[PDB]
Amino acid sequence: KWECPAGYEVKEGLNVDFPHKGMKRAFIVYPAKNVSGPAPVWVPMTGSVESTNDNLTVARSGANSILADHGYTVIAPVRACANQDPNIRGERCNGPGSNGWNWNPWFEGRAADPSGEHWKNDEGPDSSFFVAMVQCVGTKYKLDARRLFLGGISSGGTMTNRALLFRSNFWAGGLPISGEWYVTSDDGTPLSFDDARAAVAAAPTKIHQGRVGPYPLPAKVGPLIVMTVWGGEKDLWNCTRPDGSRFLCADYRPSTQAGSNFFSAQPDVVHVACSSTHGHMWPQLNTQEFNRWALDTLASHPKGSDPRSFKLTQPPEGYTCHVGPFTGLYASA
């Protein structure tokens, strides 16, 4: 499955003008170090305000490129809105989406109005670009086809959820950190932030449909290991109006719960629910210990592995995790 479009020649570092669905995309490759043979892959994605460079090199943003020194080939996509500049932060990215998309950083969820209907059963240009990107990098570096993982924070966490839902026969798993689910009614009707929040609180253990994925959610998905991370009571996001005022527009308690319910219910998916207290940003406590543990945990479940043989190891201090759906976010009935 390793192939490049139009004779594209991948290189270490920043790759630009990668053709995909009429767009020109960019991504950065940090080849795995101290690895003989096929290397596991990590595709980290930034959120709405931090740049791809920040996500890859700044400690408080995760310094995801450091995982190449841990034996992973890191392949980081640049957001379409950044116009191939890995340094763009929130400029022209941190705001509502267009063309039927909910949020502009990534093509990660259909809009709440009718223009989003088209995306109910079309993965979108980011989900398909990531597959094409990894397939192309694999022509230059030897990658492990059973250990292709993606993940991200905030909007990047939402994009991880969407990619796992539409491309569960490609990725081996992912790390959606404080991503949205955009909960809807069972019939797909979009719900306001308040109604979506109340919907999960009213049925915390059920599977909820959401604008992050296909509608309806797939009955069955391919084999995966998914580690959803919730940042605690402060894992919230205040949007910014044009006039500068702030207002609550996302609460990641319901979305991490909903994601965990869907993935836990799938028989061929090992779901790990992890909670911390860093809020809505990349895990802050023992950050590199967490990144190493999380990716090595994902790698311990190569694609197609028996969920029954999976064995969770203790995460770093500052994290509580277990296999299954979240249980400490809503009171039991």
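Position 1 is the first residue in the sequence shown; the rest follow in order.
Asks: If you average the CA temperature factors as listed in the entry, which stretch comes out higher, 184-192 or 163-171?
Replies: The stretch with the larger mean CA B-factor is 184-192.
Asks: Name the higher of the two by mean Cα B-factor in the PDB entry, 151-159 versus 97-105.
Replies: Averaging CA B-factors over each stretch, the winner is 97-105.
Asks: Among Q266, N291, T297, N55, which carries the highest Cα B-factor?
Replies: Among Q266, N291, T297, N55, the PDB entry lists the largest C-alpha B-factor for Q266.
Asks: Take the CA temperature factors straight from the PDB entry and tell me which of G47, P302, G37, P40 peaks.
Replies: Among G47, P302, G37, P40, the highest C-alpha B-factor in the entry belongs to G37.
Asks: Check where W119 lands among this chain's C-alpha B-factors and tell me if it's the lowest, middle or highest third.
Replies: CA B-factor rank for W119: middle third.
Asks: Pull the Cα B-factor of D113 out of the PDB entry and bin it into the chain's lowest, middle or highest third.
Replies: Highest third - that is where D113 ends up once the chain's C-alpha B-factors are sorted.
Asks: What third of the chain, by the recorded C-alpha B-factor, contains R60?
Replies: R60: CA B-factor falls in the highest third of its chain.
Asks: Using only modelled residues of the chain, where does the Cα B factor of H271 rank: lowest third, middle third or highest third?
Replies: As the PDB entry reports it, the C-alpha B-factor of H271 lands in the lowest third of its chain.
Asks: Classify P242 as lowest, middle or highest third according to the C-alpha B-factor given in the PDB entry, relative to its own chain.
Replies: Within its chain, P242 is a highest-third residue by C-alpha B-factor, going by the deposited values.
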